[PDB]
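upload_19.tsv (TSV, C-alpha atoms) appears below.
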```
chain	number	residue	atom	x	y	z
A	166	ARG	CA	8.06	-146.61	-52.77
A	167	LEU	CA	8.94	-148.09	-49.39
A	168	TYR	CA	7.59	-151.64	-49.52
A	169	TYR	CA	7.92	-155.10	-47.99
A	170	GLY	CA	9.81	-157.91	-49.71
A	171	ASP	CA	8.46	-161.43	-49.74
A	172	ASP	CA	11.30	-163.94	-50.25
A	173	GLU	CA	11.09	-165.22	-46.65
A	174	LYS	CA	7.32	-165.76	-46.80
A	175	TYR	CA	7.38	-169.58	-46.76
A	176	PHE	CA	9.73	-172.36	-45.73
A	177	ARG	CA	9.73	-176.00	-46.79
A	178	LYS	CA	9.08	-178.28	-43.80
A	179	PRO	CA	11.44	-181.28	-43.54
A	180	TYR	CA	9.71	-184.65	-43.43
A	181	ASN	CA	10.68	-185.39	-39.81
A	182	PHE	CA	8.58	-182.48	-38.47
A	183	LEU	CA	4.96	-183.41	-37.88
A	184	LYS	CA	4.40	-179.79	-36.87
A	185	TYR	CA	6.29	-176.57	-37.23
A	186	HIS	CA	4.21	-173.65	-36.08
A	187	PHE	CA	5.18	-169.99	-36.01
A	188	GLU	CA	3.45	-168.11	-33.20
A	189	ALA	CA	4.47	-164.90	-31.44
A	190	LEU	CA	4.07	-164.95	-27.66
A	191	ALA	CA	5.85	-163.10	-24.93
A	192	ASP	CA	5.55	-163.34	-21.19
A	193	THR	CA	7.40	-161.42	-18.54
A	194	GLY	CA	7.31	-161.73	-14.80
A	195	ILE	CA	9.05	-159.40	-12.40
A	196	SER	CA	9.19	-159.66	-8.63
A	197	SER	CA	10.95	-157.10	-6.46
A	198	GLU	CA	11.06	-156.88	-2.68
A	199	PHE	CA	12.71	-154.78	0.02
A	200	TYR	CA	12.76	-155.50	3.72
A	201	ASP	CA	14.67	-153.25	6.10
A	202	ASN	CA	14.85	-153.06	9.88
A	203	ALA	CA	16.81	-150.71	12.10
A	204	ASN	CA	16.61	-151.48	15.83
A	205	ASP	CA	18.34	-149.24	18.36
A	206	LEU	CA	18.45	-149.11	22.16
A	207	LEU	CA	20.31	-146.84	24.57
A	208	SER	CA	20.12	-147.13	28.36
A	209	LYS	CA	21.92	-145.18	31.08
A	210	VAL	CA	22.04	-144.64	34.83
A	211	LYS	CA	24.00	-142.07	36.83
A	212	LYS	CA	23.92	-142.56	40.62
A	213	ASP	CA	25.47	-139.84	42.82
A	214	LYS	CA	25.80	-140.03	46.62
B	13	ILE	CA	18.28	-144.14	-73.36
B	14	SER	CA	21.54	-142.30	-72.67
B	15	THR	CA	23.47	-140.75	-69.80
B	16	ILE	CA	22.52	-137.08	-70.24
B	17	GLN	CA	24.95	-134.30	-69.30
B	18	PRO	CA	25.28	-133.41	-65.58
B	19	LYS	CA	25.55	-130.06	-63.87
B	20	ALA	CA	28.74	-128.51	-65.25
B	21	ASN	CA	31.61	-128.94	-62.73
B	22	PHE	CA	29.29	-130.53	-60.16
B	23	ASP	CA	30.32	-129.29	-56.68
B	24	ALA	CA	29.30	-132.01	-54.21
B	25	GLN	CA	30.14	-129.65	-51.32
B	26	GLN	CA	27.68	-127.03	-52.60
B	27	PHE	CA	25.08	-129.64	-53.59
B	28	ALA	CA	25.47	-131.00	-50.03
B	29	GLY	CA	22.90	-130.34	-47.29
B	30	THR	CA	19.10	-130.38	-47.21
B	31	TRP	CA	16.88	-130.99	-50.25
B	32	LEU	CA	13.09	-131.41	-50.32
B	33	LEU	CA	11.51	-133.63	-52.95
B	34	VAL	CA	8.91	-131.70	-54.94
B	35	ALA	CA	7.81	-133.84	-57.89
B	36	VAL	CA	8.69	-137.07	-59.71
B	37	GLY	CA	8.24	-137.99	-63.34
B	38	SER	CA	8.26	-141.71	-64.05
B	39	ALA	CA	6.58	-144.58	-65.85
B	40	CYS	CA	6.84	-146.44	-62.52
B	41	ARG	CA	3.39	-147.90	-61.91
B	42	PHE	CA	3.37	-147.23	-58.16
B	43	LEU	CA	3.22	-143.45	-58.62
B	44	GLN	CA	0.05	-143.75	-60.74
B	45	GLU	CA	-1.24	-146.95	-59.23
B	46	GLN	CA	-1.80	-146.10	-55.55
B	47	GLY	CA	-0.71	-142.53	-56.34
B	48	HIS	CA	-2.44	-141.39	-53.16
B	49	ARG	CA	-0.29	-141.07	-50.03
B	50	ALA	CA	2.67	-139.72	-51.95
B	51	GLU	CA	4.20	-138.98	-48.56
B	52	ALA	CA	6.64	-136.05	-48.36
B	53	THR	CA	10.37	-136.80	-48.55
B	54	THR	CA	13.63	-134.96	-47.89
B	55	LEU	CA	17.36	-135.66	-48.28
B	56	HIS	CA	20.29	-134.80	-46.11
B	57	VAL	CA	23.31	-135.07	-48.41
B	58	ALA	CA	27.00	-135.29	-47.50
B	59	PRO	CA	30.12	-135.90	-49.60
B	60	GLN	CA	32.08	-139.01	-48.55
B	61	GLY	CA	34.98	-138.71	-50.92
B	62	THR	CA	33.72	-138.72	-54.50
B	63	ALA	CA	30.79	-140.85	-53.35
B	64	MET	CA	27.96	-139.19	-51.44
B	65	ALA	CA	25.98	-140.30	-48.44
B	66	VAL	CA	22.25	-139.55	-48.59
B	67	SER	CA	19.67	-139.78	-45.81
B	68	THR	CA	16.17	-139.91	-47.25
B	69	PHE	CA	13.56	-139.07	-44.62
B	70	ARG	CA	9.92	-140.03	-45.01
B	71	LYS	CA	6.83	-140.91	-43.09
B	72	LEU	CA	5.27	-144.36	-43.30
B	73	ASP	CA	1.84	-144.57	-41.67
B	74	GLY	CA	3.05	-141.67	-39.53
B	75	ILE	CA	6.17	-143.50	-38.35
B	76	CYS	CA	9.12	-141.37	-39.46
B	77	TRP	CA	11.74	-143.39	-41.34
B	78	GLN	CA	15.31	-142.74	-42.50
B	79	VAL	CA	16.99	-144.60	-45.38
B	80	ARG	CA	20.77	-144.08	-45.63
B	81	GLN	CA	22.40	-144.86	-48.99
B	82	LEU	CA	25.81	-144.37	-50.56
B	83	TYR	CA	25.62	-142.92	-54.06
B	84	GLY	CA	28.85	-144.46	-55.28
B	85	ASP	CA	30.52	-142.41	-57.99
B	86	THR	CA	30.93	-143.93	-61.45
B	87	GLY	CA	34.48	-142.63	-61.52
B	88	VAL	CA	32.91	-139.64	-63.30
B	89	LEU	CA	31.97	-136.30	-61.78
B	90	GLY	CA	28.25	-136.05	-61.16
B	91	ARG	CA	27.63	-139.69	-62.14
B	92	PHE	CA	26.81	-142.29	-59.52
B	93	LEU	CA	25.62	-145.86	-59.03
B	94	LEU	CA	23.43	-147.33	-56.32
B	95	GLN	CA	24.26	-150.95	-55.50
B	96	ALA	CA	22.07	-154.00	-56.09
B	97	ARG	CA	21.61	-154.25	-52.32
B	98	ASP	CA	18.53	-156.52	-52.37
B	99	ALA	CA	19.24	-157.79	-55.91
B	100	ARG	CA	17.23	-154.74	-56.97
B	101	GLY	CA	19.92	-154.14	-59.59
B	102	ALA	CA	22.16	-151.09	-59.71
B	103	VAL	CA	20.62	-147.67	-60.35
B	104	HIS	CA	22.50	-145.15	-62.50
B	105	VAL	CA	22.33	-141.55	-61.29
B	106	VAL	CA	23.17	-138.24	-62.98
B	107	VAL	CA	22.98	-134.78	-61.44
B	108	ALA	CA	21.50	-133.42	-64.66
B	109	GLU	CA	20.79	-129.90	-63.45
B	110	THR	CA	21.11	-127.87	-60.28
B	111	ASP	CA	21.34	-124.49	-58.70
B	112	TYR	CA	22.99	-125.82	-55.55
B	113	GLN	CA	21.28	-123.16	-53.42
B	114	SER	CA	17.87	-123.45	-55.09
B	115	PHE	CA	16.82	-126.45	-57.22
B	116	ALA	CA	17.97	-129.78	-58.64
B	117	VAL	CA	16.77	-132.12	-61.40
B	118	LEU	CA	18.26	-135.60	-60.90
B	119	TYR	CA	18.23	-138.39	-63.50
B	120	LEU	CA	18.00	-141.97	-62.20
B	121	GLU	CA	17.62	-145.08	-64.35
B	122	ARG	CA	17.56	-148.87	-63.94
B	123	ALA	CA	17.10	-151.43	-66.75
B	124	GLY	CA	15.91	-148.58	-69.00
B	125	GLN	CA	13.21	-147.84	-66.40
B	126	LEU	CA	13.80	-144.11	-66.03
B	127	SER	CA	12.92	-141.48	-63.44
B	128	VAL	CA	13.64	-137.78	-63.02
B	129	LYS	CA	13.12	-136.04	-59.67
B	130	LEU	CA	12.92	-132.31	-58.90
B	131	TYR	CA	14.26	-131.26	-55.49
B	132	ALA	CA	14.40	-127.79	-53.97
B	133	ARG	CA	15.98	-125.98	-51.06
B	134	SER	CA	12.62	-124.22	-50.77
B	135	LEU	CA	8.86	-124.70	-50.42
B	136	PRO	CA	8.22	-122.87	-53.71
B	137	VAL	CA	9.92	-123.67	-56.99
B	138	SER	CA	10.23	-121.12	-59.78
B	139	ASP	CA	7.64	-121.94	-62.43
B	140	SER	CA	10.39	-121.59	-65.03
B	141	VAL	CA	12.25	-124.40	-63.23
B	142	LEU	CA	9.08	-126.50	-63.09
B	143	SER	CA	8.58	-125.85	-66.83
B	144	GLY	CA	12.15	-126.95	-67.48
B	145	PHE	CA	11.32	-130.12	-65.55
B	146	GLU	CA	8.26	-130.66	-67.77
B	147	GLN	CA	10.45	-130.45	-70.87
B	148	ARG	CA	13.01	-132.75	-69.22
B	149	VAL	CA	10.12	-135.22	-68.83
B	150	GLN	CA	9.06	-134.88	-72.47
B	151	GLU	CA	12.67	-135.29	-73.62
B	152	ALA	CA	12.77	-138.43	-71.47
B	153	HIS	CA	9.73	-139.51	-73.57
B	154	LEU	CA	7.63	-139.48	-70.39
B	155	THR	CA	4.07	-138.13	-70.46
B	156	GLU	CA	2.58	-135.33	-68.43
B	157	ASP	CA	0.32	-138.15	-67.23
B	158	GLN	CA	3.49	-139.60	-65.62
B	159	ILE	CA	4.32	-136.45	-63.58
B	160	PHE	CA	3.31	-136.57	-59.91
B	161	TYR	CA	3.72	-133.98	-57.14
B	162	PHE	CA	4.46	-134.22	-53.41
B	163	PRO	CA	2.80	-132.21	-50.62
B	164	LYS	CA	4.08	-128.86	-49.34
B	165	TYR	CA	4.21	-129.98	-45.68
B	166	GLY	CA	4.85	-132.83	-43.28
B	167	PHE	CA	8.50	-133.44	-44.07
B	168	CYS	CA	10.30	-135.37	-41.33
B	169	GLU	CA	13.78	-135.29	-39.81
B	170	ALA	CA	15.81	-137.45	-37.42
B	171	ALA	CA	14.01	-140.78	-37.61
B	172	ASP	CA	14.38	-143.01	-34.55
B	173	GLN	CA	17.19	-145.52	-34.06
B	174	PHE	CA	14.67	-148.27	-34.84
B	175	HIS	CA	13.31	-146.59	-38.00
B	176	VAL	CA	16.56	-146.29	-39.99
B	177	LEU	CA	16.89	-148.75	-42.86
B	178	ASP	CA	20.67	-148.23	-43.07
B	179	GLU	CA	20.97	-150.20	-46.29
B	180	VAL	CA	24.24	-148.51	-47.31
```

Would it be possible to restate this file's structure as C-alpha coordinates?
Amino acid sequence: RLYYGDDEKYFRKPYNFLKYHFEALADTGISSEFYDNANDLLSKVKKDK
Amino acid sequence: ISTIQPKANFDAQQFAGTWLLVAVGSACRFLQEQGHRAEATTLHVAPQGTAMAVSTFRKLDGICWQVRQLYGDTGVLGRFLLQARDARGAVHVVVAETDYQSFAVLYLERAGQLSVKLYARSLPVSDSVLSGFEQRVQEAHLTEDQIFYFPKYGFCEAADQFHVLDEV
(Lines of atoms letter the chains of each structure in order from A and count residues from 1; the text may use other names and numbers.)
(Lines give C-alpha, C1' and ligand atoms only; values in the text may rest on other atoms or scores of the structure.)
Protein backbone atom coordinates (compact mmCIF):
# COMPACT_ATOMS: atom_id res chain seq x y z
CA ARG A 1 0.00 0.00 0.00
CA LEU A 2 0.98 3.53 -0.97
CA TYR A 3 -1.02 5.76 1.38
CA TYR A 4 -1.16 9.22 2.94
CA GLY A 5 -0.05 9.89 6.50
CA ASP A 6 -2.03 12.18 8.76
CA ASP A 7 0.20 13.58 11.52
CA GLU A 8 0.19 17.11 10.03
CA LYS A 9 -3.60 17.21 9.69
CA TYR A 10 -4.26 19.79 12.42
CA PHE A 11 -2.37 22.51 14.26
CA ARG A 12 -3.18 24.15 17.58
CA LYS A 13 -3.89 27.86 17.11
CA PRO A 14 -2.12 30.16 19.61
CA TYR A 15 -4.42 32.43 21.59
CA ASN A 16 -3.19 35.64 19.94
CA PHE A 17 -4.53 34.62 16.51
CA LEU A 18 -8.17 35.54 16.00
CA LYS A 19 -7.91 33.85 12.60
CA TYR A 20 -5.51 31.50 10.93
CA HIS A 21 -6.86 30.32 7.63
CA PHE A 22 -5.22 27.96 5.16
CA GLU A 23 -6.22 28.73 1.57
CA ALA A 24 -4.42 27.93 -1.67
CA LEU A 25 -4.37 30.76 -4.22
CA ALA A 26 -1.97 31.62 -6.96
CA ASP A 27 -1.86 34.54 -9.32
CA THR A 28 0.61 35.30 -12.04
CA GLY A 29 0.90 38.28 -14.30
CA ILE A 30 3.32 38.58 -17.19
CA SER A 31 3.85 41.55 -19.45
CA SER A 32 6.30 41.52 -22.34
CA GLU A 33 6.89 44.19 -24.97
CA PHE A 34 9.21 44.86 -27.90
CA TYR A 35 9.57 48.09 -29.81
CA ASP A 36 12.13 48.43 -32.58
CA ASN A 37 12.79 51.11 -35.16
CA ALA A 38 15.40 51.27 -37.90
CA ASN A 39 15.50 54.55 -39.85
CA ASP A 40 17.90 54.99 -42.74
CA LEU A 41 18.49 57.73 -45.32
CA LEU A 42 21.00 58.09 -48.14
CA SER A 43 21.22 61.08 -50.47
CA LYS A 44 23.66 61.87 -53.27
CA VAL A 45 24.31 64.30 -56.10
CA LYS A 46 26.94 64.14 -58.85
CA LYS A 47 27.22 67.29 -61.01
CA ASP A 48 29.50 67.16 -64.07
CA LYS A 49 30.24 70.12 -66.37
CA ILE B 1 8.01 -16.55 14.02
CA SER B 2 11.61 -17.14 12.95
CA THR B 3 14.13 -15.96 10.37
CA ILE B 4 13.84 -18.78 7.81
CA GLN B 5 16.84 -19.85 5.72
CA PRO B 6 17.76 -17.67 2.69
CA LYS B 7 18.86 -18.63 -0.78
CA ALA B 8 22.10 -20.56 -0.29
CA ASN B 9 25.11 -18.29 -1.02
CA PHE B 10 22.85 -15.41 -2.08
CA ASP B 11 24.50 -13.61 -5.04
CA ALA B 12 23.28 -10.00 -4.93
CA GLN B 13 24.89 -9.40 -8.34
CA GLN B 14 22.82 -12.20 -9.93
CA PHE B 15 19.68 -11.28 -7.97
CA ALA B 16 20.23 -7.72 -9.25
CA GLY B 17 18.17 -6.22 -12.09
CA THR B 18 14.46 -6.29 -12.94
CA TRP B 19 11.83 -8.22 -10.98
CA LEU B 20 8.05 -8.14 -11.46
CA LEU B 21 5.78 -8.67 -8.47
CA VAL B 22 3.37 -11.54 -9.12
CA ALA B 23 1.55 -12.35 -5.86
CA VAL B 24 1.59 -11.50 -2.16
CA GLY B 25 0.55 -13.60 0.80
CA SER B 26 -0.21 -11.64 3.95
CA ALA B 27 -2.60 -11.13 6.84
CA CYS B 28 -2.30 -7.41 6.04
CA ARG B 29 -5.87 -6.10 5.94
CA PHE B 30 -5.32 -3.77 2.97
CA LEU B 31 -4.81 -6.64 0.52
CA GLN B 32 -8.21 -8.14 1.45
CA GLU B 33 -9.89 -4.93 2.47
CA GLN B 34 -9.84 -2.79 -0.68
CA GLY B 35 -8.21 -5.72 -2.49
CA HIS B 36 -9.30 -4.19 -5.79
CA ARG B 37 -6.78 -1.99 -7.61
CA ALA B 38 -3.86 -4.21 -6.67
CA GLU B 39 -1.83 -2.12 -9.11
CA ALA B 40 1.12 -3.84 -10.81
CA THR B 41 4.60 -3.33 -9.34
CA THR B 42 8.20 -3.95 -10.39
CA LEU B 43 11.65 -3.62 -8.82
CA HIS B 44 14.92 -2.46 -10.22
CA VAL B 45 17.55 -3.88 -7.85
CA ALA B 46 21.21 -2.91 -7.49
CA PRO B 47 23.90 -3.94 -4.99
CA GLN B 48 25.35 -1.01 -3.01
CA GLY B 49 27.96 -2.86 -1.04
CA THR B 50 26.31 -5.56 1.06
CA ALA B 51 23.18 -3.39 1.19
CA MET B 52 20.96 -3.20 -1.88
CA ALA B 53 19.17 -0.30 -3.49
CA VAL B 54 15.66 -1.06 -4.75
CA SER B 55 13.42 1.05 -6.97
CA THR B 56 9.82 -0.06 -6.69
CA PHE B 57 7.74 1.22 -9.60
CA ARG B 58 3.96 1.44 -9.44
CA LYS B 59 1.01 3.33 -10.75
CA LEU B 60 -1.19 5.42 -8.47
CA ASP B 61 -4.38 6.64 -10.14
CA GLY B 62 -2.40 6.34 -13.38
CA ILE B 63 0.44 8.56 -12.15
CA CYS B 64 3.58 6.42 -12.32
CA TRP B 65 5.54 6.48 -9.04
CA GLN B 66 9.01 5.33 -7.97
CA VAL B 67 9.95 4.49 -4.37
CA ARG B 68 13.71 4.11 -3.76
CA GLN B 69 14.76 2.20 -0.62
CA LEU B 70 17.99 0.84 0.80
CA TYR B 71 17.66 -2.74 2.02
CA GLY B 72 20.39 -2.49 4.64
CA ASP B 73 22.07 -5.81 5.31
CA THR B 74 21.79 -7.34 8.78
CA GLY B 75 25.48 -8.13 8.66
CA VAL B 76 24.30 -11.52 7.34
CA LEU B 77 24.19 -12.65 3.73
CA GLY B 78 20.69 -12.50 2.33
CA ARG B 79 19.29 -10.82 5.46
CA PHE B 80 18.30 -7.17 5.43
CA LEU B 81 16.53 -4.47 7.41
CA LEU B 82 14.44 -1.55 6.21
CA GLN B 83 14.66 1.50 8.45
CA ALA B 84 11.89 3.02 10.57
CA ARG B 85 11.83 5.97 8.16
CA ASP B 86 8.40 7.33 9.16
CA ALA B 87 8.44 5.57 12.55
CA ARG B 88 6.93 2.67 10.62
CA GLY B 89 9.36 0.43 12.51
CA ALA B 90 12.10 -1.61 10.87
CA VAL B 91 11.17 -4.44 8.50
CA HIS B 92 13.21 -7.64 8.51
CA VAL B 93 13.86 -9.16 5.08
CA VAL B 94 15.10 -12.59 4.00
CA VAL B 95 15.75 -13.76 0.45
CA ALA B 96 14.18 -17.12 1.27
CA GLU B 97 14.30 -18.60 -2.21
CA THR B 98 15.36 -17.59 -5.69
CA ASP B 99 16.41 -18.67 -9.12
CA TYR B 100 18.13 -15.38 -9.88
CA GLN B 101 17.22 -15.64 -13.57
CA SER B 102 13.64 -16.82 -13.00
CA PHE B 103 11.80 -16.44 -9.67
CA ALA B 104 12.13 -15.22 -6.09
CA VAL B 105 10.20 -15.76 -2.84
CA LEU B 106 11.06 -13.00 -0.34
CA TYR B 107 10.20 -13.07 3.37
CA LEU B 108 9.45 -9.72 5.04
CA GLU B 109 8.25 -9.25 8.61
CA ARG B 110 7.53 -6.42 11.06
CA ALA B 111 6.27 -6.81 14.66
CA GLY B 112 5.37 -10.43 13.83
CA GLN B 113 3.19 -9.10 10.99
CA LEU B 114 4.50 -11.29 8.19
CA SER B 115 4.45 -11.16 4.40
CA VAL B 116 5.90 -13.30 1.61
CA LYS B 117 6.11 -11.99 -1.95
CA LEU B 118 6.70 -13.92 -5.20
CA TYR B 119 8.61 -12.04 -7.91
CA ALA B 120 9.58 -13.22 -11.38
CA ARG B 121 11.80 -12.21 -14.24
CA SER B 122 8.89 -13.30 -16.44
CA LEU B 123 5.17 -12.86 -17.14
CA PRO B 124 4.51 -16.56 -16.43
CA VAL B 125 5.63 -18.40 -13.33
CA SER B 126 6.07 -22.16 -13.25
CA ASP B 127 3.08 -23.68 -11.48
CA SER B 128 5.53 -25.74 -9.42
CA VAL B 129 7.03 -22.45 -8.18
CA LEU B 130 3.56 -21.06 -7.45
CA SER B 131 2.75 -24.29 -5.57
CA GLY B 132 5.95 -23.90 -3.56
CA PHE B 133 4.77 -20.39 -2.74
CA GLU B 134 1.42 -21.80 -1.55
CA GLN B 135 3.23 -24.15 0.82
CA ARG B 136 5.50 -21.29 1.94
CA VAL B 137 2.26 -19.46 2.84
CA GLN B 138 0.86 -22.44 4.76
CA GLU B 139 4.17 -22.87 6.59
CA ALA B 140 3.93 -19.17 7.47
CA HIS B 141 0.51 -20.13 8.96
CA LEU B 142 -1.15 -17.87 6.39
CA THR B 143 -4.37 -18.96 4.69
CA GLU B 144 -5.07 -19.39 1.00
CA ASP B 145 -7.66 -16.70 1.75
CA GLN B 146 -4.65 -14.41 2.43
CA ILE B 147 -3.01 -14.97 -1.00
CA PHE B 148 -3.58 -12.20 -3.56
CA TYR B 149 -2.38 -11.85 -7.16
CA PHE B 150 -1.26 -8.89 -9.28
CA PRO B 151 -2.18 -8.23 -12.93
CA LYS B 152 -0.14 -9.46 -15.90
CA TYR B 153 0.21 -6.00 -17.48
CA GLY B 154 0.57 -2.28 -16.87
CA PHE B 155 3.93 -2.32 -15.12
CA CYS B 156 5.64 1.07 -15.14
CA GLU B 157 9.23 2.28 -15.44
CA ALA B 158 11.08 5.58 -15.02
CA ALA B 159 8.68 7.60 -12.89
CA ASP B 160 8.99 11.37 -13.22
CA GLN B 161 11.32 13.53 -11.13
CA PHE B 162 8.25 14.69 -9.18
CA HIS B 163 6.87 11.16 -8.60
CA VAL B 164 9.85 9.61 -6.80
CA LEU B 165 9.38 9.13 -3.06
CA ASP B 166 13.14 8.78 -2.48
CA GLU B 167 12.68 7.71 1.13
CA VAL B 168 16.07 5.95 1.30

*Point out the residue among B:52, B:103, B:170, B:88 with the least atom-to-atom distance to chain A, counting all atoms listed in the file.*
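The shortest atom-to-atom distance to chain A comes from B:52.
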
Return the neighbours of chain A among the residues of chain B, cut-off 10 Å, counting only C-alpha atoms, as a CSV table (one decimal) with C-alpha atoms, keeping the file's coordinate frame.
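Output below, filename result_2.csv:
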```csv
chain,number,residue,atom,x,y,z
B,40,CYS,CA,6.8,-146.4,-62.5
B,42,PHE,CA,3.4,-147.2,-58.2
B,43,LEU,CA,3.2,-143.4,-58.6
B,50,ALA,CA,2.7,-139.7,-52.0
B,51,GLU,CA,4.2,-139.0,-48.6
B,70,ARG,CA,9.9,-140.0,-45.0
B,71,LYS,CA,6.8,-140.9,-43.1
B,72,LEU,CA,5.3,-144.4,-43.3
B,77,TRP,CA,11.7,-143.4,-41.3
B,79,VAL,CA,17.0,-144.6,-45.4
B,98,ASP,CA,18.5,-156.5,-52.4
```

*Separation of atom CA of residue 39 of chain B and atom CA of residue 121 of chain B, in Å?*
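Atom CA of residue 121 of chain B lies 11.2 Å from atom CA of residue 39 of chain B.
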
_Atom-to-atom span, atom CA of residue 139 of chain B and atom CA of residue 160 of chain B, Å_ =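 One can read the atom CA of residue 139 of chain B to atom CA of residue 160 of chain B distance as 15.5 Å.
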
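Residues surrounding segment 186-203 of chain A within 12 Å are residues 174, 175, 176 and 178 of chain A [all atoms listed in the file; sequence separation below 6 positions excluded].
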
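Taking atom CA of residue 41 of chain B and atom CA of residue 94 of chain B as the two end points, the separation is 20.8 Å.
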
_Test item: residues at most 7 Å from residue 59 of chain B, only C-alpha atoms, excluding those fewer than 4 positions along its chain, as number ranges by chain_ = B: 24-25, 28, 63-65

*asked:* Residues near segment 122-128 of chain B, anyone? I mean within 7 Å using only C-alpha atoms, not counting same-chain ones fewer than 2 positions away, as a PyMOL selection string.
replied: chain B and resi 13+36-38+102-104+117-120+130
